[PDB]
Amino acid sequence: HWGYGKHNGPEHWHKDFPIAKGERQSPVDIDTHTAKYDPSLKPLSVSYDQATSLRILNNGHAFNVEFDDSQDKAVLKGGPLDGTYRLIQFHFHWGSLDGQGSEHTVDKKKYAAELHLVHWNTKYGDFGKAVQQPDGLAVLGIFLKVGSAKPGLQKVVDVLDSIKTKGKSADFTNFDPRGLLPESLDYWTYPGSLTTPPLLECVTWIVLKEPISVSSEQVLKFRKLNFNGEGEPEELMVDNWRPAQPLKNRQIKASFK
Ligand SMILES: CC(=O)Nc1nnc(S(N)(=O)=O)s1
Ligand SMILES: [Zn+2]
């Protein structure tokens, strides 16, 4: 089964998921000089005040913080989107070293990690249906650089010991994802895909210009998680990122000059 190792990592995925070599794969390098300002792009609308977090799960490739998506509670609208997209989960990708870990890159620069807030288009009724549509998901991507701590990340860091291995979960109620956002909501946008199998081409990517800063200790704690299950040999959960994919016939648009 797929993973991030030399024998089952991104270079192998196409054998089980041929769309890996498709026309709108993610992530990509964001060449800032080639991304054009689009004055018609609207501001992003992030409505997270009524978010209801439920649980945190180590799924063997990252950890997901899951939300109640059975009602409009935490939603993304505006920006390049038409329609309302419900937050279902967030997760991160990160490196073994501070100089790598992000999936998107900016002028070929890699950040230490990347946060993905995954939302699905309510016109499709459920997430499983949404991922089968070209406008089914909107993923808000946020870069993490190592510097000062992010206070709103600490409750996530604190619980990781309790979900060390694959298949472990813990209660994670009353978490406010607003504490993970940078000041600015300026963004780049382009059409792409899930960055993990099944690699479905269903995502409008919205990647924020401004990274958040996290401390070296915060990301160190990410790196103590395990890809393996309890009782299996220890494999540290690091370098769970897919590299940049060919841009092909796509343009990246900027909401800002
Ligand atoms: C349920 C769910 O969220 N599945 C995802 N698969 N890949 C994603 S990503 N890295 O593009 O945000 S999300
Ligand atoms: Zn992701």
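Along the sequence shown, residues are numbered consecutively beginning with 1. Start at 1 and go down the list; that is how both ligands and their atoms are numbered.
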*Quick one: CZ on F222 to CZ on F92, what's the gap to the nearest 0.5 Å?*
4.0 Å
*Atom nearest to the Zn ion (ligand 2) - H116, N, O or S atoms considered*: ND1
*Can you tell me the protein heavy atom closest to atom 6 (N) of ligand 1 and the distance?*
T196 OG1, 3.0 Å
*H91: numbered ligand 1 atoms lying under 4.0 Å from its heavy atoms*: 9 (S), 10 (N), 12 (O), 13 (S)
*If you check every N/O/S atom of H93, which is the one nearest the Zn ion (ligand 2)?*
NE2
*asked:* Whether the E201 and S193 side chains hold a donor-acceptor pair (N or O, under 3.5 Å, no angle test) is what I'd like checked.
replied: no
*Among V118, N64, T195, which residue places a heavy atom closest to atom 10 (N) of ligand 1?*
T195
*asked:* For atom 3 (O) of ligand 1, what's the nearest protein heavy-atom neighbour? Residue, atom name and distance, please.
replied: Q89 NE2, 2.3 Å
*Using heavy atoms and a threshold below 4.0 Å, how should the contact between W205 and ligand 1 be classified: side chain, backbone, both, or neither?*
side chain
*Answer with yes or no whether the side chains of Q71 and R86 bring together a donor and an acceptor at under 3.5 Å.*
no
*Hey, is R223 close enough to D98 for a salt bridge, meaning N to O under 4.0 Å?*
yes
*Name the closest protein heavy atom to atom 1 (C) of ligand 1, giving the residue it belongs to and the distance to 0.1 Å.*
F127 CZ, 3.2 Å
*Between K123 and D135, is there a salt bridge with N-O shorter than 4.0 Å?*
yes
_Which option wins on minimum heavy-atom distance to atom 5 (C) of ligand 1: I88, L194, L117, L200?_
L194
_Less than 3.5 Å apart, any donor N or O on the side chain of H93 or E114 sitting next to an acceptor on the other?_
no
*Is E234 salt-bridged to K164, going by a charged N under 4.0 Å from an acidic O?*
yes
_Distance filter under 4.0 Å to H93 heavy atoms, resulting ligand 1 atoms_ = 10 (N)
